Amino acid sequence: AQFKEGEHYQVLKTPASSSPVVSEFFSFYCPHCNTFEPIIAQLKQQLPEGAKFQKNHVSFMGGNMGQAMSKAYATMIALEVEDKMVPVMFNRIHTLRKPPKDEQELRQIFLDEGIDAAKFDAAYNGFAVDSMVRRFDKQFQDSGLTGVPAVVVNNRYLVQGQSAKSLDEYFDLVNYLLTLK
């Protein structure tokens with residue numbers, strides 16, 4: 001057992017899920033965090049079909065505009081454009097290095113990516129989006145996370161992954177946490 005609690009991960013004692021689920025917490029405002037996100041996607045493809053995966057965006061990393069960034073990811077969901085724009089937010093941050101300063105620049109980013117201001121406006125003001133921004137923010141609070149990217153397995157074990165220099169070891173910890181209760 002290469003992985004053990006207190007060394008490869010810690011237990012939040014949070015409300016664990018009845019089935020295997022993995023959630024990633026990240027912020028569009030951290031170029032280094034955004035770079036790790038991709039690695040989490042590698043875990044998704046590697047994750048066992050039995051295990052479920054989930055995504056979480058934190059507004060506390062954003063700061064004064066954290067609330068806007070959370071709504072923006074939810075807005076993508078209304079437009080079915082999460083996969084496309086999601087990385088656009090990380091690119092613009094981790095690559096263009098031009099993070100949105102207001103909701104206005106944020107609107108231009110979506111339209112630049114081929115999305116409409118009309119449908120994006122319907123999504124940003126959709127009651128569903130606002131509900132999702134609150135949802136993920138709660139996930140980080142219960143998870144006891146102090147900085148993304150953070151990975152939670154069964155919403156109860158937190159992956160340190162420090163020992164795993166290579167995804168093979170980091171992935172293996174996630175696999176055990178999926179079976180941890």
# chains A, B, ... in the order shown; residues from 1 in each chain; ligands from 1

$ select_by_dssp --residues "chain A" --states "strand (DSSP E or B)" --output "PyMOL selection string"
chain A and resi 5+9-11+21-26+52-57+150-153+157-159

$ write_last_selection --atoms "C-alpha atoms" --output "short mmCIF file (atom, residue, chain, number, x, y, z; two decimals), in the first residue's frame"
data_model
loop_
_atom_site.label_atom_id
_atom_site.label_comp_id
_atom_site.auth_asym_id
_atom_site.auth_seq_id
_atom_site.Cartn_x
_atom_site.Cartn_y
_atom_site.Cartn_z
CA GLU A 5 -3.91 8.56 5.08
CA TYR A 9 -3.88 12.25 1.54
CA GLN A 10 -5.81 13.54 4.56
CA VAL A 11 -9.41 12.88 5.67
CA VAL A 21 -16.90 10.71 -7.23
CA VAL A 22 -13.89 12.99 -7.80
CA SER A 23 -14.22 16.81 -7.85
CA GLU A 24 -11.50 19.28 -8.88
CA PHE A 25 -11.39 22.78 -7.34
CA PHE A 26 -9.68 25.43 -9.49
CA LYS A 52 -17.61 9.41 -11.35
CA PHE A 53 -15.87 12.79 -11.75
CA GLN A 54 -16.99 16.36 -10.96
CA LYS A 55 -15.77 19.96 -11.44
CA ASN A 56 -15.73 22.89 -8.98
CA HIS A 57 -14.75 26.54 -9.47
CA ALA A 150 -7.37 20.72 -4.85
CA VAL A 151 -8.70 17.23 -5.65
CA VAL A 152 -11.40 15.62 -3.48
CA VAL A 153 -12.29 11.91 -3.65
CA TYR A 157 -10.47 12.31 1.27
CA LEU A 158 -8.18 15.06 -0.05
CA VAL A 159 -5.35 14.08 -2.41
#

$ residues_around --residues "residue 149 in chain A" --least-positions-apart "4" --cutoff "9 Å" --atoms "only C-alpha atoms" --output "number ranges by chain"
A: 24-27, 32-34, 36-37, 40

$ write_last_selection --atoms "C-alpha atoms" --output "JSON list (two decimals), in the first residue's frame"
[["chain", "number", "residue", "atom", "x", "y", "z"],
["A", 24, "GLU", "CA", -11.50, 19.28, -8.88],
["A", 25, "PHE", "CA", -11.39, 22.78, -7.34],
["A", 26, "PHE", "CA", -9.68, 25.43, -9.49],
["A", 27, "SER", "CA", -9.61, 29.20, -10.14],
["A", 32, "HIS", "CA", 0.00, 27.78, -12.12],
["A", 33, "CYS", "CA", -3.33, 26.34, -10.90],
["A", 34, "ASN", "CA", -4.75, 26.52, -14.43],
["A", 36, "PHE", "CA", -2.43, 21.76, -13.18],
["A", 37, "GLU", "CA", -6.09, 21.57, -14.29],
["A", 40, "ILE", "CA", -6.61, 16.59, -13.58]]

$ closest_residue --among "A:166, A:51, A:109, A:66" --to "residue 17 in chain A" --atoms "only C-alpha atoms"
A:51

$ select_by_dssp --residues "range 3-129 of chain A" --states "helix (DSSP H, G or I)" --output "JSON, numbers by chain"
{"A": [31, 32, 33, 34, 35, 36, 37, 38, 39, 40, 41, 42, 43, 44, 45, 46, 63, 64, 65, 66, 67, 68, 69, 70, 71, 72, 73, 74, 75, 76, 77, 78, 82, 83, 84, 85, 86, 87, 88, 89, 90, 91, 92, 93, 94, 103, 104, 105, 106, 107, 108, 109, 110, 111, 112, 117, 118, 119, 120, 121, 122, 123, 124, 127, 128, 129]}

$ closest_residue --among "A:173, A:83, A:180, A:78" --to "residue 155 in chain A" --atoms "only C-alpha atoms"
A:180

$ residues_around --residues "range 123-132 of chain A" --least-positions-apart "2" --cutoff "12 Å" --atoms "only C-alpha atoms" --output "PyMOL selection string"
chain A and resi 55-59+67-82+103-104+106-107+110+115-121+134-139

$ decode --residues "range 145-173 of chain A" --atoms "C-alpha atoms" --output "short mmCIF file (atom, residue, chain, number, x, y, z; two decimals), in the first residue's frame"
data_model
loop_
_atom_site.label_atom_id
_atom_site.label_comp_id
_atom_site.auth_asym_id
_atom_site.auth_seq_id
_atom_site.Cartn_x
_atom_site.Cartn_y
_atom_site.Cartn_z
CA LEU A 145 -9.52 23.40 0.93
CA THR A 146 -7.03 26.25 1.40
CA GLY A 147 -5.83 26.59 -2.22
CA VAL A 148 -6.65 25.02 -5.60
CA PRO A 149 -6.05 23.07 -7.55
CA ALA A 150 -7.37 20.72 -4.85
CA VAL A 151 -8.70 17.23 -5.65
CA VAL A 152 -11.40 15.62 -3.48
CA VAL A 153 -12.29 11.91 -3.65
CA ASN A 154 -15.67 10.72 -2.35
CA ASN A 155 -15.97 14.28 -1.02
CA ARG A 156 -14.13 13.05 2.10
CA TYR A 157 -10.47 12.31 1.27
CA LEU A 158 -8.18 15.06 -0.05
CA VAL A 159 -5.35 14.08 -2.41
CA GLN A 160 -1.96 15.49 -1.39
CA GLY A 161 -0.22 13.69 -4.27
CA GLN A 162 3.09 15.11 -2.99
CA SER A 163 4.70 11.65 -2.99
CA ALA A 164 3.45 10.95 -6.53
CA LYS A 165 6.04 12.66 -8.76
CA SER A 166 4.31 10.94 -11.71
CA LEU A 167 0.58 10.58 -12.48
CA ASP A 168 0.91 6.82 -11.93
CA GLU A 169 1.41 7.42 -8.19
CA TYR A 170 -0.89 10.47 -7.97
CA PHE A 171 -3.60 8.55 -9.84
CA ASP A 172 -3.13 5.50 -7.59
CA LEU A 173 -3.85 7.62 -4.48
#
